[PDB]
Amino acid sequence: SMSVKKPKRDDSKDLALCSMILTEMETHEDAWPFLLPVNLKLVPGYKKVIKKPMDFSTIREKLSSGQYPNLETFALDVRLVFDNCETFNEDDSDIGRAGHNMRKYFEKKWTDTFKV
């Protein structure tokens, strides 16, 4: 509360650590469905069904331009890429499998870096 804080966490490396994490996502073999915005002209249903499209290049533009105020906001956009993927793709498809694989990959790094 007012004049009563928890001990200050060093948050000065978070930008760099999120960039590193995102670079590891971008270069994974199964990232290809997520690297660019889905082409809303070319994919029927996407625009109406997916209320908040998201992708790695958009995440990278946001991060590099100071648009995440904190860690939580960066991890919300990352998860949204996979939440979207699940909403739109069957689990038993190449892209649905990529999505599951990339979330797992993300969450491990996310825990190793900021939890453990």
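Throughout, we count residues from 1 along the sequence that is shown. Here, rigid core means the biggest group of C-alpha atoms that superpose within 1.5 Å across both forms.
S.K.: Could you check whether 91 to 99 or 6 to 14 drifts more from the shown form in 9 other deposited structures of this protein, using RMS Cα distance once the core is superposed?
M.R.: With the rigid core fitted, 6 to 14 is the stretch that strays more in 9 other deposited structures of this protein.
S.K.: When the C-alpha temperature factors are averaged for each of 9 to 17 and 103 to 111, which stretch ends up with the higher value in the entry?
M.R.: According to the PDB entry, the answer is 9 to 17.
S.K.: Select between 67 to 75 and 41 to 49 the stretch whose C-alpha atoms have the higher average B-factor in the entry.
M.R.: It is 41 to 49.
S.K.: Lowest, middle or highest third of the chain for the C-alpha temperature factor of residue 90?
M.R.: It falls in the top third of the chain.
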